[PDB]
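*Asks:* Chains as they are written, first to last, in the authors' numbering: chain B, 14 to 170, 177 to 443, 447 to 534; chain A, 14 to 445, 447 to 534.
The beta-carbon is built from N, C-alpha and C at its ideal position, and this holds for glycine as well.
Dropping a structure here in structure tokens format, bear with me for questions.
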Amino acid sequence: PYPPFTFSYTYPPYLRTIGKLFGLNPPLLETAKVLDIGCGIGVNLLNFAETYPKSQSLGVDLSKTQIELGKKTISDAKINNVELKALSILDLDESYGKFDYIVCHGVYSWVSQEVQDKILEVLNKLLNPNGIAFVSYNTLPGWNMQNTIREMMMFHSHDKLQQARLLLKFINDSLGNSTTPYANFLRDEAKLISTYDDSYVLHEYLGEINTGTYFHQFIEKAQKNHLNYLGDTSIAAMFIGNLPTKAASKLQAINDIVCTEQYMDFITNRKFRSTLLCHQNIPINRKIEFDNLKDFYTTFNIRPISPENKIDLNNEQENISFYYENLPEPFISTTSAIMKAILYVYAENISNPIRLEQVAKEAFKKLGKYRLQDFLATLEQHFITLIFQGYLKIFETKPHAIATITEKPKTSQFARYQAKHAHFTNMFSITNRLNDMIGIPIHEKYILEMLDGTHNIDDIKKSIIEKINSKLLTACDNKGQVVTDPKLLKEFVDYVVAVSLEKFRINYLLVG
Amino acid sequence: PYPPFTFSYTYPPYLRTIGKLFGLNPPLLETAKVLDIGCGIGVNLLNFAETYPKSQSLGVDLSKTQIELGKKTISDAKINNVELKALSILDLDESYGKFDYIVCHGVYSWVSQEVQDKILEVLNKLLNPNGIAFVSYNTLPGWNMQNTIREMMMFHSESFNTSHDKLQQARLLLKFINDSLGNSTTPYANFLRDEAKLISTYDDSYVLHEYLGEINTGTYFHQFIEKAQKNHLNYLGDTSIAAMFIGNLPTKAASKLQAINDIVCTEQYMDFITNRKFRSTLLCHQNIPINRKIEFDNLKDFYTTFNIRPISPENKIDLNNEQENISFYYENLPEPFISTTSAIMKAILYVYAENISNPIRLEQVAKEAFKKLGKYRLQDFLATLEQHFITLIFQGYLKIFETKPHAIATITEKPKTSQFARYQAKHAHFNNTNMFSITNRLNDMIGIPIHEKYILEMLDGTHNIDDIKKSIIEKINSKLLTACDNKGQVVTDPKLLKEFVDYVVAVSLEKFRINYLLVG
Ligand SMILES: Nc1ncnc2c1ncn2[C@@H]1O[C@H](CSCC[C@H](N)C(=O)O)[C@@H](O)[C@H]1O
Ligand SMILES: Nc1ncnc2c1ncn2[C@@H]1O[C@H](CSCC[C@H](N)C(=O)O)[C@@H](O)[C@H]1O
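As structure tokens, then:
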């Protein structure tokens, strides 16, 4: 029927990180009042409203259906905090109130110019002064290609109508040689929609016609509306320097954000953007001074090849390798015993953010060798670059979740409610404490929904033993075959319970 | 001031060739009445109106300035055939009569939809039934990129600076782009690198016009043909033969394409996968069936030219030897082209080289190739032309004509050019950019260096070859502004500079020979 969706980058505790990063002063979370335009179902604000019981929230949408259905999901989870109303963006006065965080996900490209400027204008009168605005949209020249591909598909219809995919199986097969004038391109654009899902293609490329806009046209429409450009929720975008050094110099030399960004859209073929705005009074500082960056809880997710126990750190002739999120290849390596000492603690601390100084402290106590400020030196010198490349995540304040197993694990009422409604093809989607959406198998949903903090690690093991022994769950053990037996299923359910609880650990799914 | 530009693909003797290719019967050239919308200065109608003195014609434009200037340039050339008028396309109706050929070149994309469709219906009411229409426009999705590239320039020409103003920082933006793309990036921007770098080419006039001056808009083809069929017009084809031809795609795709047997689809998708920037399309009254079946029986009535120079001169090479492999050349590129083996191919090609830039009927190619070596029958010489040639004429490597043009392939010992081409060399468009631009008898524009511009204005038929060599020696040994070709000298000796001016003037006369610049 309708997708439930939630995004890490629309989370108020995130926008507050972007704000407190650039020298702004976003409002207080606990009392924060958030507003969502084009709320839809509204599952986007829910997890927030559960984390900060004192934070009121108001969503709006034009569809009466979505509003009512969402109101059901909101009532059934016992979430009294949020409020949803069915209206058109053109009715705002103000009232109702000013909000500390506003979020508009893409409705911007899908609606008329009249409502278009009207969005910015509500973001003028409905935004408390230190608050933060979020608007997502499509940008040129990335909109050109996708648009034309919707034209090509749109020009032949022989009925499916998914025969459009028989167009692309055509294109990649068609074309052929013509080595690389333009032909190496458009291969990527065709081949790259064969991914996503049958829903995406039909949504974007069929619609509901949407229109792209230009950076300078958007934030030029944000100006004159008395708003300014704070940044982008994707850090790895706003960062430059992958281009040759010569050009980089001449870029920074002009020192105008709108120029460097608008120009960065052309060389990347930038399709979308999620942009945050703020009132044009407050000055912004894009100088990153480490002394203000030591206050940010960070997470670098890496695991090493060798355990600390079996290795020594002070060794030089040895070079050890970590790994990032996936993969090999290993990413970085050392050699330098000041590097190992830190990275290893960025491993032990996986999925429990820690203050940046505390990385030097903990990396110090781990190995007493040198002073502390030298650990802070190597941390300042090349790390920050890694946090602007997206490999290090920053948070203020810490999210509410834990990196340890509580011996009677407990999750959010939300994730435990999500574990009721399937919307099942790969696996289930569940929202962790960061508003991000996690995949999860069926048995992990059966282990998950059962943690309210009442049951110890065994109680679930039992309830799984039945479900496997009885109908619902089944399982097999290698090589293929199995369907098991009374005792051997037991330890299988033990292993599968330890892995599932660890995944729930490092994914920010453990509230207590 | 304004562009003095002329294009081979707008020539009535050309549009009539594409018409008589597709089985139409365009009107008569001698009496032809041609009309040009947005003529500007109007230099496009002239070299026709002078070559066929009985052909009247009228250009029109909105700019009174341009119109008056053209009214001047025609007088200085003493051309009584053309006429220029200042009008809006909305006032053109029917009072100026019906025309056998109409040309609208690069307006349709620069003007409002109202004047836009007004163009098409105007092409309905003033076009003699069998006449032919020409319209050029920018198209998608090839116009998109180039547009965005005009966006960057239209943006960073404010902040990025130094200096004064438009085209300069525009070029510093191009060289900037290429600098900002190193080998550090090859996902996509190989495409944008090639497309931007491609703009470091063309001309300061082009760049200043297209990517700088007023807003132009592309269209989708099928929306164009769909706005023509709505105006009671039909799609004849394109003035670029090498365009309408498919087959570079694998057979699997090719066949599945041709099967549908609907032209407008087969073309449009060729706009999608080739990224077609512009189009020059000719239309006609529907009313008249057109046939895209190309019968060899209708193509032997076309004068053809294959432009070639041999690697091996005929004197020193045998013909019937089947162990020897020849190469030749195509036009000015320094790449060997074709090879054989079959001595009927040597026999033919060698007569296609002798006749370079001298069109001859395909039959006459078979005859001359027969007299070249008596061996086999004649119908086989017509055969080897049938098997693989026509493919080459659809790839643009063989040029076709109806009514072979007015020009000469030989040096008359007192060379002479058109009173037009001898006029153009008195004025711009400079400079030795590269060289001067001159209009041959085919409406094509040949660059010529300064010294060749000094010889070309000096052939009225009054001066012999030696009179040429003398006046060039003077211009050097005198107030000068000299230039040279290869070796290394450039300089002063009399006995050297004599034989040097002999060579340079003979080469210059050959270039005018094969370029259709010799009317006698
Ligand atoms: N004029 C209008 N007033 C209020 N909502 C509108 C609107 N026009 C469109 N919308 C809403 O904007 C939504 C865009 S789809 C966005 C879904 C949701 N924001 C998410 O992705 O999580 C649609 O559901 C539509 O109902
Ligand atoms: N409404 C109008 N009526 C008549 N001419 C117009 C017009 N609008 C634009 N034009 C003319 O169309 C011309 C397009 S520039 C084309 C120049 C010329 N056809 C060539 O290729 O060499 C301009 O010179 C402009 O004067």
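Do three or more CB pairs link the segment 473-491 of chain A to the segment 507-518 of chain A at distances below 8 Å?
*Replies:* yes
*Asks:* Just to make sure I have the definition right: I need the residues of chain B whose C-beta is within less than 8 Å of the C-beta of residue 201 of chain A. Which are they?
*Replies:* 204, 207 and 288
*Asks:* Please report the distance separating the alpha-carbon of residue 398 of chain A from that of residue 212 of chain A.
*Replies:* 40 Å
*Asks:* What in chain B is Cβ-close to residue 161 of chain A, meaning under 9 Å?
*Replies:* 153, 154, 157 and 285
*Asks:* Quick test of your reading: residue 385 of chain B and residue 318 of chain B, contact by CB under 8 Å. State the CB separation rounded to the nearest angstrom.
*Replies:* With 8 Å as the limit, residue 385 of chain B and residue 318 of chain B do not qualify as a contact, their Cβ atoms being about 17 Å apart.
*Asks:* So does the segment 134-149 of chain B actually touch the segment 109-126 of chain B, counting three or more Cβ pairs closer than 8 Å?
*Replies:* yes
*Asks:* Measure the C-alpha to C-alpha separation of residue 471 of chain B and residue 31 of chain B and round it to an integer number of angstroms.
*Replies:* 33 Å
*Asks:* Measuring CB to CB, does residue 151 of chain A end up less than 7 Å from residue 231 of chain A?
*Replies:* yes
*Asks:* Along the beta strand (DSSP E) that carries residue 247 of chain A, what are the first and last residues, could you check?
*Replies:* 247-251
*Asks:* Need the endpoints of the beta strand (DSSP E) that residue 169 of chain A sits in, please.
*Replies:* Element bounds for residue 169 of chain A: not the beta strand (DSSP E) but the alpha helix (DSSP H), 156-169.
*Asks:* Can you determine whether any heavy atom of ligand 1 sits closer than 6 Å to the C-beta of residue 398 of chain B, and answer yes or no?
*Replies:* no
*Asks:* Quick check: residue 83 of chain B and residue 54 of chain B, are their CB atoms within less than 7 Å of each other?
*Replies:* yes
*Asks:* Measuring alpha carbon to alpha carbon, tell me which residue in A/339, A/227 and A/36 is nearest residue 301 of chain A.
*Replies:* A/36
*Asks:* Can you pull the chain B neighbours of residue 465 of chain A, defined as C-beta to C-beta under 7 Å?
*Replies:* Within chain B, no residue comes near residue 465 of chain A; the closest Cβ sits about 37 Å away, beyond 7 Å.
*Asks:* Which whole-angstrom value is the C-beta distance of residue 75 of chain B and residue 101 of chain B, which I expect to be below 8 Å?
*Replies:* 5 Å
*Asks:* Within 7 Å of any Cβ in chain B, is that where the Cβ of residue 195 of chain A sits?
*Replies:* yes
*Asks:* Going along the chain, which residues of its own chain have a beta-carbon closer than 7 Å to the beta-carbon of residue 478 of chain A, five neighbours each way excluded?
*Replies:* 426 and 427
*Asks:* Give a yes or no on whether 7 Å exceeds the smallest Cβ distance from residue 263 of chain B to chain A.
*Replies:* yes
*Asks:* Pick helix, strand or coil for residue 295 of chain B, following the three-state DSSP scheme.
*Replies:* strand
*Asks:* Below 7 Å between beta carbons: does that hold for residue 219 of chain B and residue 370 of chain B?
*Replies:* no
*Asks:* If contacts are defined as beta-carbon pairs under 8 Å, then residue 431 of chain A and residue 533 of chain A qualify, I think. What distance do you get, rounded to the angstrom?
*Replies:* Correct: roughly 5 Å between the Cβ atoms.
*Asks:* Between residue 469 of chain A and residue 405 of chain A, what straight-line distance do the alpha-carbon atoms span, to the nearest angstrom?
*Replies:* 35 Å
*Asks:* With a threshold of 7 Å between beta-carbons, can residue 165 of chain A be considered close to chain B, or not?
*Replies:* yes
*Asks:* Please classify residue 114 of chain A: does DSSP put it in a helix, a strand, or coil?
*Replies:* strand
*Asks:* In whole angstroms, what separates the C-alpha of residue 73 of chain A from that of residue 214 of chain A?
*Replies:* One C-alpha to the other measures close to 31 Å.
*Asks:* Along the alpha helix (DSSP H) that carries residue 521 of chain A, what are the first and last residues, could you check?
*Replies:* 508-528
*Asks:* Taking 6 Å as the cut-off, is the CB of residue 75 of chain B close to at least one heavy atom of ligand 1?
*Replies:* Judged by the Cβ position, residue 75 of chain B qualifies as a neighbour of ligand 1 at the 6 Å threshold, a heavy atom of the ligand being closer than this.
*Asks:* How many whole angstroms separate the CB atoms of residue 284 of chain B and residue 234 of chain B, which I take to be in contact at a CB cut-off of 8 Å?
*Replies:* 5 Å
*Asks:* I'd like to check one pair, residue 459 of chain B with residue 19 of chain B: are the Cβ atoms closer than 7 Å?
*Replies:* yes
*Asks:* Would you say the beta carbon of residue 102 of chain B comes nearer than 6 Å to a heavy atom of ligand 1?
*Replies:* yes
*Asks:* Helix or strand or just coil, what does DSSP make of residue 405 of chain B?
*Replies:* helix
*Asks:* Counting only beta-carbon atoms, is residue 266 of chain A nearer than 7 Å to chain B?
*Replies:* yes
*Asks:* Assess contact between the segment 166-175 of chain A and the segment 182-191 of chain B, defined as three or more Cβ pairs (one per stretch) separated by less than 8 Å. Is contact present?
*Replies:* Cβ pair count under 8 Å is below three, so no.
*Asks:* Tell me residue 172 of chain B's beta-bridge partners as DSSP assigns them.
*Replies:* Coordinates for residue 172 of chain B are absent; the numbering of chain B skips from 170 straight to 177.
*Asks:* How far does the beta strand (DSSP E) with residue 49 of chain A in it extend, from its first residue to its last?
*Replies:* 47-50
*Asks:* Compare the beta carbon distance of residue 382 of chain B and residue 361 of chain B with 7 Å and say whether it is the shorter of the two.
*Replies:* yes
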